[PDB]
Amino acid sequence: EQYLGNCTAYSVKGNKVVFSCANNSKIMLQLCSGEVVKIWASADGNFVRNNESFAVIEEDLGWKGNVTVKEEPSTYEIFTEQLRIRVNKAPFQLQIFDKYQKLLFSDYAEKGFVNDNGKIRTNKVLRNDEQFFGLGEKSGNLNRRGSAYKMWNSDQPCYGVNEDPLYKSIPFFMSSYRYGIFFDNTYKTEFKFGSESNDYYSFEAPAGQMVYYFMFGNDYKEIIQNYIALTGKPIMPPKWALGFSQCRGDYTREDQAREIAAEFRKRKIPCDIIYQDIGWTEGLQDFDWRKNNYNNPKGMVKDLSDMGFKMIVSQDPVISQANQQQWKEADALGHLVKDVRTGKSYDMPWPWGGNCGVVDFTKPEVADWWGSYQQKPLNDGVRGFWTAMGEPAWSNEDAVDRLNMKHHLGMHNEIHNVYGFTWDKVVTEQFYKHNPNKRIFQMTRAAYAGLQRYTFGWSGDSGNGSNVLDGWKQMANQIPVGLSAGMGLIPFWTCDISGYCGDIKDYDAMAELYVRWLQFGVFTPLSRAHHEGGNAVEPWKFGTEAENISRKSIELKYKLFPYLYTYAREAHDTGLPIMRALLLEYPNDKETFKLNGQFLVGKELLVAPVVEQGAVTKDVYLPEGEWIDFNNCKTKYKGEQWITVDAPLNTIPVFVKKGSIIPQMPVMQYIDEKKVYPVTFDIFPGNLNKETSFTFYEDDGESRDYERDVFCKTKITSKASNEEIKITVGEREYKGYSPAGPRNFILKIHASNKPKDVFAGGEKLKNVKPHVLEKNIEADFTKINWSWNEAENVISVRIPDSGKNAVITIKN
């Protein structure tokens, strides 16, 4: 095996510096910004790759001018505003320090880059206290330190608590030393975080180029901001995607869709999306509504739409050979992935429809061809897709025959991990082309880094297939799977609520596990119940107790829509997931590295779902601050401690941070059932002299105008001083979208005692009964008054949403 060895010279080309080392080897450092360094180590010095990055869309992160290199007798030095770089000459070693000269990131000995006949590896010093997070949608504990992980998009049904690899490959990790690494290679990469030795960690590939990006941040938020500068801002879903969604393996019929739609509405269980699974289509993959299964598909979609339901349909990436018309068409056009042994279309087995052709979404002409096929259901009013089985399915590491696949852009060993990625990109591109100024809904199984530009995600076929009742630990692991997916830029994520696997032979016995799965599930952005085949898992199937609890779980998510939607926008702007590992908000608190049983939803809410069988309590770690029970709003706790709370079956432990302001809407059966509604702001005043706020984001929820910053925002501020609370409703920040109106705001200030008076500006407001404050809340927009509820300990202040600044002063 070959190392860089001694560096004899350097050359600068603008923001790029190339160091020449032993036997034609070279290494480039490229300053994308003061914080982000592109590093390319090359065994032969040529700096070419078979394919340019599929993930990186921007390398200019604002670096100005040339890289300045200072030569010393035994080292070279490069300074940026945030970094100090030391390059040892003999032998080549790269070391990166922060501006205070603390070491962040160092090559291990002489083995910083290792080449062995095309196998490429990077070895880095591993510090005793260095922890690691990320690598996308992967199982096990949040903290990756001590374990090894592989990138090979795999199809592992009913996967275990530690199964790896899974369906997606996002080679972006973060270190507790406050940098991220994105290893910009699509082959079967492997990451070993001290799993081989305590002295070093490594990342490697069997082929391709050693190209990786070092992304410094002063915290994890900055690292993620740097990552989306490189790989793109997340697209937002249509607003209605943040409701509740329902699926089943057999959701492939008009009669059943009509039956289920009616049942949801009759039982007043809110729901926005009815999915259809893969059997909806006449064959793989013609996008024709199966004739026996749908009498009037247009009518169905419209009738469901009139009831507030949107429909999302499945697609697989293959054409069945039995689908003779489409297969022959595809094969004759050269649109199928080839077999290098024959030069002909690769002959792929598939679990349904017989052997198939794998559609080559890396071939440019395939895009418009697929686009025209997939548009058919969209012309009937379907709102998007779930793209399943793009690993491709049935192509795990041991299925070595797949390596014979030859795609337009390369061989399968290179293209496997971007097969689904390039498919998903086509789906979204073609959607944009044929459906003007509309947000796509796409939710995918297989993916690569950068997916956030095109698609959302779900965690595939989870749960226990031998006995559905034994899936508790698998359900529990969906917490860190989802948080890790979030850190890998899947902010719009869900899992199969109930799991995918296991026949439900006894609905009474399954009720507890279902209820807990849904309680967790409603705090995932794309909350979707689904199950294999004919195993019905709608929220009323588990008896009345479970139904009532599940209705309430779902109702809580709907009430929180304006809160959640504000964080959906924040995902677009900053890359931060809605579901946040506590470490993202409390990076200095090392206890957060251990937390696999709880998470933040945005910044204000801490959710700690019960995921243990028979449990009626929950252990919860509270980070810095003070924390209030969001269910009752009365019980308060000090931060930086472990507590145990009562958590019976009907209860989700949720806490609100003291100081928070939470926008909410009334219960509705689907998003926008009421196109205009009063917005309540639940305000939990912070400590004396501490100003807090929430910026309530709104936009049209459907178009791409938000990508051009067409929206409005309303900032609500709270600040307590001596026997006084000031609540400010900020002047509406108008950027080309006017909110639904006219409407009222209700400021709901949580307080121990009824105050003396409440003022709006200089003017004293009228105290009235709760009933009077509530009267004509959706019809009269001229009343400004306040009320007290002693039972709830809440001051309500009614005020029209005029769009103007208003200062509400509460005299304690």
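Numbering starts at 1 and follows the sequence shown.
(Q) Please compare 510-518 with 632-640 and name the stretch with the higher mean C-alpha B-factor in the deposited structure. (A) Higher of the two, by average CA B-factor, is 632-640.
Q. Higher mean Cα B-factor in the deposited model: 455-463 or 358-366?
A. It is 358-366 that shows the higher mean C-alpha B-factor.
Q) What's the residue among 36, 29, 48, 56 with the greatest CA temperature factor in the PDB record? A) Across 36, 29, 48, 56, the entry lists the biggest C-alpha B-factor for 48.
(Q) Quiz for you: based on the deposited Cα B-factor, which of 503, 646, 163, 222 is highest? (A) So the option with the highest C-alpha B-factor is 646.
**Q.** CA B-factor placement of residue 717, once the chain's modelled residues are sorted into thirds
**A.** According to the entry, residue 717 has a C-alpha B-factor in the chain's highest third.
Q. Taking the C-alpha B-factors as the PDB entry records them, is residue 178 in the lowest, middle or highest third of its chain?
A. Top third by C-alpha B-factor.
(Q) How does the C-alpha B factor of residue 149 compare with the rest of the chain: lowest, middle or highest third? (A) Its C-alpha B-factor belongs to the middle third of this chain's values.
Q: Would you mind checking where the Cα B-factor of residue 687 ranks among the modelled residues of its chain, as the lowest, middle or highest third?
A: Highest third.
Q. Which third, lowest, middle or highest, does the CA B-factor of residue 123 fall in along this chain?
A. Ranked within chain, residue 123 CA B lands in the middle tercile.
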